[PDB]
């Protein structure tokens, strides 16, 4: 039913339309898959002798442009560029770096690592190492390797218990914190395993994993661990809370809102929407409506997929 050549045509027309027909441009790209958008972009370049992304960059502006260009990139290219941007210039955008490095799976990170080097001619790890220091750097480096254990069929009950005690002994039960021990367990073990480990941890500790983290560390490192545990325990809820934070207050933290909507639209948006509505009483759709306007809002609402 999909027709790249045709979509590339309608978009060329929309762009040509006096004043630029954004509604049409949004209606198409926000209602197509990422793979389909890739075909449309190929069909386009052939018809115009110019890259689709490049054409939309000249034709669009503001937050809408940000949404659209992000959508034209493959998942790995998007993440790679968002990562680069988080480290660009002196200083670092810790939140963004953390959000991506903590939430992506091995398969995603492997591709990201590959695409990153091709795009920027340097390894993601090298840039991370240059932009970070201390335990925070250690954690971000280990997670970025994308070498976490795969979901096994056999539940390792003995390991689950030892990991829990180790986590407990490394923090709550000692002066200071054996951060390396925490980094090792939380980056190497499979997600299903760690979910069980965190439950077993509650059998030994009066405070769960998240609260333990708040008690033991601070700064970027504390932020990384909290984000990571959330992604392990309930990723869809993790994104729902970040979505809530980017819109709850004055204005909007557009960069966060956009990245999540673009990067999770084809992954688990349905679950994010469900967790969001359950926790906040109103739909994700509703919050986007109150915080954004114009073609930008319409674009985000399409990526949302519907109201709840």
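Numbering follows the first chain given and starts at 1.
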Hey, which bit's got the bigger mean C-alpha B factor in the entry, 30-38 or 243-251?
30-38
Decide which of the stretches 83-91 and 210-218 has the higher mean C-alpha B-factor, going by the entry.
83-91
Maximum C-alpha temperature factor, selected from 104, 165, 235, 173:
173
Residue set 99, 125, 188, 178, per-entry CA B-factor max assigned to 125
Taking only the Cα B-factors deposited for this chain, tell me whether residue 195 sits in the lowest, middle or highest third.
lowest
Can you tell me which third, lowest, middle or highest, the CA B-factor of residue 48 falls into for its chain?
highest
Please place residue 156 in the lowest, middle or highest third of its chain by C-alpha B factor as given in the entry.
middle
Could you place residue 130 in the lowest, middle or highest third of its chain by Cα temperature factor, using the values in the record?
highest
Within this chain, which third does the Cα B-factor at residue 109 fall in: lowest, middle or highest?
middle
